[PDB]
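> Chains A and A', in that order, are what the protein sequence lines are. A prime marks a further copy of an entry chain.
Numbered according to PDB author numbering, the first sequence spans residues 16 to 136.
Numbered according to PDB author numbering, the second sequence spans residues 16 to 136.
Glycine included, C-beta positions come from ideal geometry on N, C-alpha and C.
Protein chains: 2
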Amino acid sequence: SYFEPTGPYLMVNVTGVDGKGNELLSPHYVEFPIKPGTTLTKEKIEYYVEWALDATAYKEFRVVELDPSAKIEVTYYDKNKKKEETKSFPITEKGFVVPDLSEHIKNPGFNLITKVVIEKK
Amino acid sequence: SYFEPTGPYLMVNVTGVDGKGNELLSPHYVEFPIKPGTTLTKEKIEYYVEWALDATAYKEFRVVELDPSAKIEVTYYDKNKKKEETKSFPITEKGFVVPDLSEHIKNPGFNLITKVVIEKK
């Protein structure tokens with residue numbers, strides 16, 4: 016989409032490094048629409064980061080491992096409170112259920128900012 | 016109905032959380048007409064909260080458990096006394112019989128404000 020998203024979306028910002036910690040790829044903004052009620056697990060996330068790499072020169076690369084302390088975070092202005100609120104979800108196998116924040120924001124961005132070790136297919 | 020109800024109705028205001036206490040869904044006003052003399056039990060109530068979720072993005076979710084200390088409450092201005100009165104009904108298996116308060120108010124709202132643990136069908 017050429018315009019801002021109109022619904023919830025996952026925002027992937029990842030730095031790809033090699034097994035030795037040489038950076039190979041800088042964060043590339045890539046968005047994927049997502050719906051509240053969806054369960055996002057570590058494996059789905061690893062696929063989303065792989066899909067994100069296909070929009071770059073490392074399209075033939077696969078994820079070897081994600082920073083295990085990476086989390087999904089969303090920030091928004093709570094209307095009632097006049098406060099900025101932040102919610103963080105850990106990335107585990109069983110995963111978490113995407114909340115519906117439309118009460119405060121129609122198009123929340125769930126951000127994933129992290130490093131991933133990647134390797135050629 | 017586009018206009019205020021003309022009779023007794025149950026007002027469901029529920030916050031859906033997951034097994035870990037992550038809020039997923041904010042209270043959504045949903046009303047269901049109800050008649051005095053009707054017996055409202057815990058199971059009927061759990062169905063009403065499930066029906067209430069179908070008017071949201073968690074329509075495919077089912078209730079796992081309601082806050083056991085939740086109660087049904089109705090508030091109204093007693094005409095005679097010039098006093099606000101409040102009656103509270105506990106949510107049990109055998110349930111309670113819906114009173115007729117038309118003497119004081121034609122369209123009392125029986126409110127249910129509570130948290131429910133919900134899960135995908």
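#1: If you measure beta-carbon to beta-carbon, which residues of the region 97 to 109 of chain A are closer than 7 Å to chain A'?
#2: Whole angstroms is fine: what's the gap from A'/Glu88's alpha carbon to A'/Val131's?
#3: On the premise that A/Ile60 lies in contact with A/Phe125, defined as a C-beta separation below 8 Å, what is that separation, rounded to the nearest angstrom?
#4: Contact criterion: CB-CB distance below 8 Å. Does A/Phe125 meet it with respect to chain A'?
#5: Please tell me whether A'/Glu65 has its Cβ less than 8 Å away from any Cβ of chain A.
#6: CB-CB under 8 Å to A/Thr21, same chain, minus the five flanking residues each way: which ones, in chain order?
#7: Could you name the residues of chain A that A'/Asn28 contacts, counting a contact when the two beta carbons are closer than 9 Å?
#8: For A/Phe76, does the count of other Cβ atoms within 10 angstroms reach 16, so buried, or fall short, so exposed?
#9: Alpha carbon to alpha carbon, what distance is there between A/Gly31 and A/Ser84?
#10: Under 8 Å, Cβ to Cβ, is there at least one residue of chain A' near A/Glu118?
#11: What did DSSP end up calling A'/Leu68 once you bin it into helix, strand or coil?
#12: Taking 8 Å as the CB-CB cut-off, is A/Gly22 touching chain A'?
To lay it out plainly:
#1: none
#2: On the second sequence, residue 88 of chain A' is found 73 positions in, with the first residue counted as 1. On the second sequence, residue 131 of chain A' is found 116 positions in, with the first residue counted as 1. Linking A'/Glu88 to A'/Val131 through their CA atoms gives a straight-line distance of about 17 Å.
#3: For this step, residue 125 of chain A is matched to residue 110 along the first sequence. For this step, residue 60 of chain A is matched to residue 45 along the first sequence. That pair is no contact at about 10 Å.
#4: Here residue 125 of chain A refers to the residue found at position 110 of the first sequence. Chain A', which has no Cβ nearer than 8 Å to the Cβ of A/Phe125, makes this no.
#5: Taking the second sequence and counting its residues from 1, one reaches residue 65 of chain A' at position 50. Chain A, which has no Cβ nearer than 8 Å to the Cβ of A'/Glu65, makes this no.
#6: Here residue 21 of chain A is taken as the residue at index 6 of the first sequence, counted from 1. Sequence-distant Cβ neighbours of A/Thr21 in its own chain, meaning closer than 8 Å and more than five residues away, are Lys121 and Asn122.
#7: Counted from its first residue, the second sequence places residue 28 of chain A' at position 13. Chain-order list of chain A residues neighbouring A'/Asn28: empty, with the shortest C-beta distance near 13 Å, by a criterion of under 9 Å.
#8: As a first step, residue 76 of chain A must be located in the first sequence, where it is residue number 61. The residue is buried, with at least 16 neighbouring Cβ atoms inside 10 Å.
#9: As a position in the first sequence, residue 84 of chain A is number 69, starting the count at 1. As a position in the first sequence, residue 31 of chain A is number 16, starting the count at 1. Taking the straight line from one Cα to the other gives about 15 Å.
#10: Translated into the one-based positions of the first sequence, residue 118 of chain A becomes position 103. For A/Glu118, the answer is yes, since a Cβ of chain A' falls inside 8 Å of its Cβ.
#11: Position 53 of the second sequence holds residue 68 of chain A'. Helix at A'/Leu68.
#12: Start at 1 with the first residue of the first sequence, and residue 22 of chain A comes out as number 7. Between A/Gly22 and chain A', the shortest Cβ-Cβ separation is not below 8 Å.
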